Amino acid sequence: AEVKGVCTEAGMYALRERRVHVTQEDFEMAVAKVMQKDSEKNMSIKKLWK
Amino acid sequence: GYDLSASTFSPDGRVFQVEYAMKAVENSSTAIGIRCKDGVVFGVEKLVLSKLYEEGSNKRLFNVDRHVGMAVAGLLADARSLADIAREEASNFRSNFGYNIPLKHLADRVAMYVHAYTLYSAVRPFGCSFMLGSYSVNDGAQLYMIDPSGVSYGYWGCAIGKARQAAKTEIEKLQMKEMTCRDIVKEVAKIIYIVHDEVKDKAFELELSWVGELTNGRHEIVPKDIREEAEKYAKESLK
Amino acid sequence: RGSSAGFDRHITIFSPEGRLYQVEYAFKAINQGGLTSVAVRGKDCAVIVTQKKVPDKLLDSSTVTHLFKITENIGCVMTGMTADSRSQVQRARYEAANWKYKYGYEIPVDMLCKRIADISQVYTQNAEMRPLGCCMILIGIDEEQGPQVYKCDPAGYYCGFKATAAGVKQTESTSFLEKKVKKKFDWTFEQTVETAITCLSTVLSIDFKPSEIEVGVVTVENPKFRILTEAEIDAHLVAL
Amino acid sequence: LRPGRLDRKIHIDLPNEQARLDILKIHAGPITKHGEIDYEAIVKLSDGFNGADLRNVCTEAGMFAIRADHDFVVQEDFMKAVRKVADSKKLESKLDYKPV
Amino acid sequence: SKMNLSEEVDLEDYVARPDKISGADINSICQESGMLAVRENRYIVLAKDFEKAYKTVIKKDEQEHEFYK
Amino acid sequence: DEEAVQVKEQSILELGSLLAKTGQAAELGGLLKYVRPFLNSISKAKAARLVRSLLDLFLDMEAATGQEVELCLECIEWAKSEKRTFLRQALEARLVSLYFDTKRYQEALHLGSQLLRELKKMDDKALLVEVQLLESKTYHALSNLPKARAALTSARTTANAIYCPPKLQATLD
Amino acid sequence: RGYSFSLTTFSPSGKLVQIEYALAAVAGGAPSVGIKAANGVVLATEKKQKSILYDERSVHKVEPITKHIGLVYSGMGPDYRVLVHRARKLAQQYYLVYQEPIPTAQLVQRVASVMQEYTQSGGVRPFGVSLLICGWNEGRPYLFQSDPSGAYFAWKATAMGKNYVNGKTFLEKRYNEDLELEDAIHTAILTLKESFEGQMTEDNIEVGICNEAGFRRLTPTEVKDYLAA
Amino acid sequence: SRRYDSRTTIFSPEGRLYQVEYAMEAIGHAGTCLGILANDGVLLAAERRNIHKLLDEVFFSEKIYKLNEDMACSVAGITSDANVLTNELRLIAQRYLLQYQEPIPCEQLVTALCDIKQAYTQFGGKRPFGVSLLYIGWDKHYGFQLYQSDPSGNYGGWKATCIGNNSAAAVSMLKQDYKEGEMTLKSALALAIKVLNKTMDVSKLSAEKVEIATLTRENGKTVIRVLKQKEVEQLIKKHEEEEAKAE
């Protein structure tokens, strides 16, 4: 799921920059966003358990 | 299952085993004790469960020491055990220090002994309340009461048993701080008759004891003649 | 959060989260009495003030007291279950006397609080007996440390303090005192009594009369623990 | 409970000594009382009570008077009423919960 | 930005506080500060009012006992 | 002589602060030379505190007296002698800033890369973001725009995961 | 009389849940740190009081055991006092017999045996406390940890308490074999700073060191001293 | 109190000691310990379960304990409980030496400890020692020996055995590739490396997760050694080469 989502996020970042091609920096930012939000969800679940 | 031992607190911080012990004390017949200027007077509503019992059977007034009295309510067997403990404490004090135990000290020692039975699951709380009274020239009249939880306080007039609340209301009107033992004995008899319920219980016998200057500081049973006068006064008052 | 496994709620054994529910209930039992106490440390004095409720005229108010004299120079105030507090007071007196007999000098307040805390800690570890549901506050003058105020609780925690409360309104009193303590000194005079009485009067909204509170003090000039008489208490009350 | 829907959480707790005295005065005003009435004793005996219990104190005092066949209430009746309601209170669990 | 907010009020001290609060909580803090101002009959909001409003609206939960930690 | 040493360290601190406020850069430098042997009479922590504080006071004002580089190198040598790697790193970053200020572009890049390697081997987020923005600034000065942009994006991603002080956030923007 | 049966019993899968929960209490405790430098050891802890009223100097967390051994904890305070008293008692018993300060390893072993006894004895629960012990014997520094279960480990650097996972991950990245006690103290303070949630002051933390001179708790003057850098 | 008692020393409906069964299941997870008996020595190979960049190296071993001049043991289970039993083993062996002025035979030492464990499972109301041990030693009665013990207090002598994690696979391999009566200390060491290599599925032999101790007789005196890093790595490299040459 994370690998699928990072691709779409990189595409959207390329869209915002307004170019028809995805970039390595776009992929880096996409991973930084998706993995961080997944970690946020995990820690939220941990707090709910607490 | 938070009320099955005295070594567990309830969620709100209550020892239910101790509370149940007090509940047992609340089913006994009332017993009152009034402090006055001269000394202390005790009174007990002894119900006659059967006509086959001898007068004076199951006496609820004890002499823990030659100058200290004791009235009890609740489980009689536990009360007698505490009276033996009080006698032991009084006797040990005299042997070690060489003079009569002060009533305040005696109440403290017995209260701590009672309190030690509300901390472990290996024993159960005493299901009885009692009151200690004494008089000495140096210390004057003194009256104390101890509950199952092990709490001891000084009182001017105390009640324990079924009709505790009604007795407390009657005791409030006596103005005992400036009265003598001779007049208080009649008042103690009057209160017991009023609180008693003739409709529910069949009959009762009034037991009286006192300690003060008139007795020279020795707790003893009230004389038969005085008891007869007090009973007649109480009956006459109940017009 | 509040998971249970076995008898963790019935004896002093760890809950799944690492909790001692029985200890927590002992804290909850301290509020059964319905009373509150306050202890404040001054520049050269220590003061303890607590409520005094006589439910009816029949009670002998003289015997109803929560202030006790552990030794000549140490006094304490207790809150919570009545019977439990008296038993702990007796133990403190014995421990203080034993210290004097063994080492040849009076027991420091911190050491006395430590000894009582150690005794309490045994109750929360062993499952045979429940923890005493009462709290103690000790005040005394140290030889080279000035006034001392200490408090020990059912668990065995015994931190020192500058101002403290205990009972039903411990939270409100703690906030009130912290605000006062923050401003300048939490009082720096023998009228530290006024700060305490005001703190107690503020939280409970009582407007005490002379026969509704008891005060005990120790001062550097007069280290002996004393219980102020109803007359002296009234004098402080009128002044404030 | 969000502070956009229920902005203020007002706490109506059990009455203090002064609150008990005021409630007792309010609910005992209309009674025909003979003799001095010392509300302070009733307040001291009515610890842990609520407004309904303080009203029931007056009601039970009036009931005691009616039983005695009197056209007025007395301090003894008030004391009996407070003791009665205090005994009745044992059947209720005294505990409060907070918005947490 | 819409209130009066006397100069003595430093919102940075309240921002720095480590309390987990929502935008509704912040709006309620401001609203209660204004309510206290109105109650005292002032058209200017003071730091005292802001402090009291924060205490009222960010009420702390029951404190965990200290024998842990 | 503990009381005398405490008085003397307080006096040097105050005198250096006053010299910094007044602007006597030569006097401040001479004072920093004078305090060279005072290292052995104060705690290592307080020796470092005094050195760092006096360096910061001197560098706060912008007199290009010409001794900035030499004095920073001397401070770095002291830090390496006393094994205070963290002090070394902070002063090395400030040295990078001074080198950029003093129109020294190509040289500073190698040491900036050295410190962006050491800090990333470590995880000092603050100095990492500061040095990353400084290297982006020097790349912009060299006119290597896409590399400067990449460096700036890395600085942003590093800053997104740390509470940037107002000063740091403002320089980032 | 006292229960004679063990309250700690094996679970179906072979775990001692009571020991597991004692570690959970330790985990939720206050953070602690210990670093073994090249020429000394340092122990540090957070001492965040609940309010201004508490006296910071009233009770110490870094308590000495002998002239060359000191220890700190993460968990319940009352249980720490019991172990500190037993540790001092054991150290003196050793000295009385052997006329030599107890080596750090020996003291840890004896203290550990005491904690083990409470996982098997009757009518007791495990010590919900983890100890860090530092020492200097035979011209060498020592750092040990001792858990509720009674097991002990030798560490070059470690942390306990809340967010100890991040504390250990932090220490691994920053540790170095040839560190100096000053750099060890600086790293120890920073490790605590990682998860502190507030401003760290000389009254909000506690530090102690051990070296050839001997173990001694740093004064608040020095603790503020180090904090400034 | 009866209500809170766990009843740790009773029988199950099918005649089973559940507390002993659970304790053995606890040992099933601990670090793997391996013992091989050779013609001219014995060896113990144990998986060093603790592995962290920050742990320091103290003492001469982590799981191998010396009990006498001619005995040693390894443990698998609760570490704290093991320390209690290792101390008792040292006391028992010295008490025998005091009584007879001769070193305790290995079999007697194992029996004495196993008697202590058996008592815990029969009476007392306490939990059993969740530990299983392997002993290696030499005596004038039976020469080199290797023994195993369980929490139940049962023991037996072995020529090669394993306890701990993946014991089933380890014993299955040892059974297949053990040449009874014709194994030297060198083939025994190689066999230990091969067994450990497959038993520890996580990663491979790094020469840091393995502790090996060997017992031999030299000049009429027993010698107990813990192999150093250089020689342990050398053994692993040789095992890697042989595995390569086979393929």
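Residues numbered from 1 in each chain as written, not as in the entry; some residues may be left out. Chains lettered and ligands numbered in written order. Part of a larger assembly, values for the part shown. Heavy atoms only, no water. Residues with missing side-chain atoms left out of burial classes, pairs and counts.

What the entry reports as its method is cryo-EM, with 2.8 Å given for the resolution.

Visitor: Help me understand the overall build of chain A, please; the structure alone is not making it clear to me.
Guide: Tallying secondary structure elements over chain A gives two helices and zero strands in all. Rg of the C-alpha trace for chain A: 13 Å, well past the compact-globule value of 10 Å for 50 residues, more than 25% over. Projected onto its principal axes, the C-alpha coordinates of chain A cover approximately 45 × 15 × 15 Å. The buried share among the 50 residues of chain A stands at 16%. Carbon and sulfur atoms provide 62% of the accessible area of chain A, an area that totals close to 4,200 Å². Across chain A, the mean location of the 10 positive side-chain charges is 7 Å away from that of the 8 negative side-chain charges. (Helix = DSSP H or I, 4+ residues; strand = E, 2+ residues; numbered from the N terminus. Rg over C-alpha atoms; globule rule 2.2 N^0.38 Å. Buried < 20%, exposed > 50% of the residue type's maximum accessible area, 1.4 Å probe, protein only. Areas by Shrake-Rupley, 256 points an atom, 1.4 Å probe, with all protein chains shown as cover. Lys, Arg positive; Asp, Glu negative; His and termini not counted. Charge placed at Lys NZ, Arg CZ, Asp CG, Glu CD.)

Visitor: I keep staring at the overall build of chain H and nothing clicks. Help me out?
Guide: Counting secondary structure elements, chain H contains six helices and ten strands. Taking 18 Å as the expected radius of gyration for a compact globule of 247 residues, we find that chain H reaches 19 Å, a close match to that expectation. Over its C-alpha atoms, taken along the principal directions, chain H stretches across nearly 65 × 45 × 40 Å.

Visitor: Got a minute to help me understand the packing of aromatic side chains in this structure?
Guide: Aromatic ring pairs are described here by two measures, namely the spacing of the ring centres and the angle between the planes. Pairing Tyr117(B) with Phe126(B) gives two aromatic rings, centres 4.8 Å apart and planes at 45°, and the pair type is tilted. Aromatic pair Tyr147(H) and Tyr155(H): ring centres 6.3 Å apart, planes at 55°, arrangement tilted. Linked through ring pairs, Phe93(B), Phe97(B) and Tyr99(B) together constitute an aromatic cluster. The side chain of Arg140(G) reaches across the aromatic face of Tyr142(G), ending 4.2 Å from its centre. (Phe/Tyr/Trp six-rings, centres within 6.5 Å; stacked < 30°, edge-to-face > 60°. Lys NZ or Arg CZ within 6 Å of the ring centre and 35° of its normal.)

Visitor: Where do I start with the interface of chain G and chain C in this structure?
Guide: Accessible area lost during the coming together of the parts is what is often quoted as the interface size. With 27 residues of chain G in contact, the opposing surface of chain C contributes 32 residues. Of all the secondary structure elements, the ones that give two or more residues to the side of chain G that touches chain C are α1 (17-27) and α2 (77-98) of chain G. The element best represented in the side of chain G that touches chain C is α1(G), accounting for five residues. When its residues are assigned to classes, the side of chain G that touches chain C shows 17 nonpolar, six polar and four charged. (Contact = heavy atoms within 4.5 Å. Nonpolar A, V, L, I, M, F, W, Y, C, P; charged D, E, K, R; others polar.)

Visitor: I would appreciate a short explanation of the environment of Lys36(G) in the present structure.
Guide: All names here are of chain G. Its location among the elements puts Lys-36 in strand β1 (residues 32-36). Sequence separation of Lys-36 and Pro-126 is 90 residues, and the distance between their C-alpha atoms is 28 Å. Ignoring anything within four residues of it in the chain, the contact list for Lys-36 reads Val-41, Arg-140, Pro-141, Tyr-142, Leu-143, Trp-155, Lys-156 and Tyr-175.

Visitor: Is there a simple way to think about unusual backbone geometry in this case?
Guide: Most peptide bonds are trans, and most residues other than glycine sit at a negative phi. With a phi angle near 65°, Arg18(A) is a residue other than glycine that sits in the positive phi range. A positive phi is found at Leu5(E), a non-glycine position, where the angle reads about 60°.

Visitor: Explanation requested: the arrangement of the chains in the structure shown.
Guide: Of all 14 pairs of chains that touch, the greatest number of contacts is found between chains B and C. There is a gap between chain D and chain F: no contact, and a shortest C-alpha distance of 28 Å.

Visitor: When you look at the pattern of salt bridges in this model, what are you seeing that I'm missing?
Guide: Pairing between side chains of opposite charge can happen when their charged atoms approach one another. With a shortest N-O distance of 3.1 Å, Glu77(F) and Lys80(F) are connected by a salt bridge. Of this pair, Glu77(F) and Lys80(F) both sit in helix α4 (residues 68-81), three residues apart, which is roughly one turn of the helix. A salt bridge links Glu231(H) to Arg225(H); the shortest N-O distance between them is 3.8 Å. Linked through salt bridges whose partners overlap, the residues forming this network are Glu40(E), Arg42(E), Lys48(E) and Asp49(E). (Salt bridge = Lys/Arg side-chain N within 4 Å of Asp/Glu carboxyl O.)

Visitor: Would you take a moment to explain the packing of helix α2 (residues 82-103) of chain C against helix α3 (residues 109-125) of chain C for this structure?
Guide: All names here are of chain C. The geometry of α2 relative to α3 is characterised by a closest axis approach of 10 Å and an angle of 130° between their N-to-C directions. Classed by the angle they form, the pair α2 and α3 counts as oblique. Where α2 crosses over α3, the two elements pack in a sense that is right-handed. In this structure, α2 contributes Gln-88, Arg-91, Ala-92, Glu-95, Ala-96 and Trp-99 to the contact, and α3 contributes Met-111, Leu-112, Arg-115, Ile-116, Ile-119, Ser-120 and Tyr-123. A breakdown of the residues in the contact of α2 with α3 according to their chemical character gives eight nonpolar, two polar and three charged. (Axes fitted to C-alpha atoms, helices over the stretch in contact; angles between N-to-C directions. Parallel < 35°, antiparallel > 145°, perpendicular 65-115°, else oblique. Left-handed = near helix turned anticlockwise from the far one by under 90°.)

Visitor: Any chance you could explain the packing of helix α4 (residues 164-174) of chain G against helix α5 (residues 181-193) of chain G here in plain terms?
Guide: For any two helices packed against each other, one specifies the inter-axial angle together with the distance between the axes. Residue and element names in this part refer to chain G. Running from N to C, α4 and α5 cross one another at 145°; their axes reach a closest spacing of 10 Å. Where α4 crosses over α5, the two elements pack in a sense that is right-handed. Between α4 and α5, the contacting residues are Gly-167, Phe-170, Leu-171 and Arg-174 on the first element and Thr-187, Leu-190 and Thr-191 on the second. The residue inventory of the contact of α4 with α5, partitioned by class, reads three nonpolar, three polar and one charged.

Visitor: Explain the sheet that holds strand β4 (residues 74-80) of chain C here, please?
Guide: Think of a sheet as strands paired side by side through backbone hydrogen bonds, with each pair either parallel or antiparallel. All names here are of chain C. Pairing is antiparallel across the open sheet formed by four strands, whose spatial order is β3-β4-β5-β6. Looking at strand neighbours, the two that pair on one side only are β3 (67-69) and β6 (146-152), the edges of this open sheet. Adjacent strand axes in the sheet meet at a mean angle of 20°, parallel and antiparallel pairs treated alike. Two strands pair when backbone bridges link them, and strand β5 (residues 134-142) and β6 are joined in this way by seven bridges, in the antiparallel orientation. For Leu-138, the partnering residue across the bridge sits in β6 and is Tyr-150. (Pairing = 2+ DSSP bridges.)

Visitor: Is there a simple way to explain the environment of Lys59(E) in this structure?
Guide: Counting through the fold element by element, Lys59(E) comes out in the segment after α3 (47-57). Remark: the alpha-carbon pair of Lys59(E) and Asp19(E), spanning 40 residues in sequence, is separated by 9.9 Å. Ignoring sequence-local partners within four residues, the contact set of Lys59(E) consists of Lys98(D) and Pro99(D).

Visitor: How should I be thinking about the side chain of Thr12(C) in this particular structure?
Guide: Summarising the element assignment, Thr12(C) is placed in the segment before α1 (21-29). A distance of 3.3 Å separates the side chain of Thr12(C) from the backbone oxygen of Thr124(C), its partner in a polar contact. If near-sequence neighbours (up to four positions away) are discounted, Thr12(C) is found in contact with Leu20(C), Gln22(C), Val23(C), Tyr123(C), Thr124(C), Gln125(C), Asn126(C), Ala127(C) and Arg125(G). (Polar contact = N/O pair within 3.5 Å; in protein donor to acceptor, adjacent residues only side chain to side chain.)

Visitor: Explain the sheet that holds strand β1 (residues 31-35) of chain B here, please?
Guide: Residues and elements named next belong to chain B. With respect to topology, five strands assemble into an open sheet ordered β8-β1-β2-β9-β10, the strand pairing being antiparallel. The open sheet terminates on both sides in strands that have one partner only, identified here as β8 (157-160) and β10 (220-221). Strands β1 and β8 of the sheet are contacted by helix α4 (residues 164-171), whose axis makes an angle of about 165° with β8.

Visitor: Teacher, can you tell me more about the environment of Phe129(H) here?
Guide: Here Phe129(H) shows up in the loop between α3 (106-122) and β5 (131-139). Through-space distance from the C-alpha of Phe129(H) to that of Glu107(H) is 20 Å; in sequence the pair is 22 residues apart. Contacts of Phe129(H), omitting those with residues within four sequence positions, involve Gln120(G), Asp81(H), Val84(H), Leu85(H), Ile116(H), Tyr120(H) and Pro151(H).

Visitor: What am I meant to see in the side chain of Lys63(H) here?
Guide: Looking at the secondary structure, you find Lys63(H) in the loop between β2 (42-47) and β3 (64-68). Engagement of the side chain of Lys63(H) in a polar contact is seen with the backbone oxygen of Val75(H), the distance being 3.1 Å.

Visitor: Explain the pairing of strand β9 (residues 210-218) of chain H here, please?
Guide: Look at any regular strand and the pattern is simple: side chains alternate between the two faces of the sheet. Residue and element names in this part refer to chain H. With six bridges joining them, β2 and β9 adopt antiparallel strand pairing. Bridge assignment links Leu-43 to a residue of β9, and that residue is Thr-214. Judged from the six bridges that link them, β9 and strand β10 (residues 221-226) form a sheet pairing that is antiparallel. Among the inter-strand pairings, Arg-217 is bridged to a residue of β10, identified as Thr-222. Counting the residues that bridge the hairpin from β9 to β10 gives two residues, and of these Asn-219 lies at a positive phi of roughly 55°.

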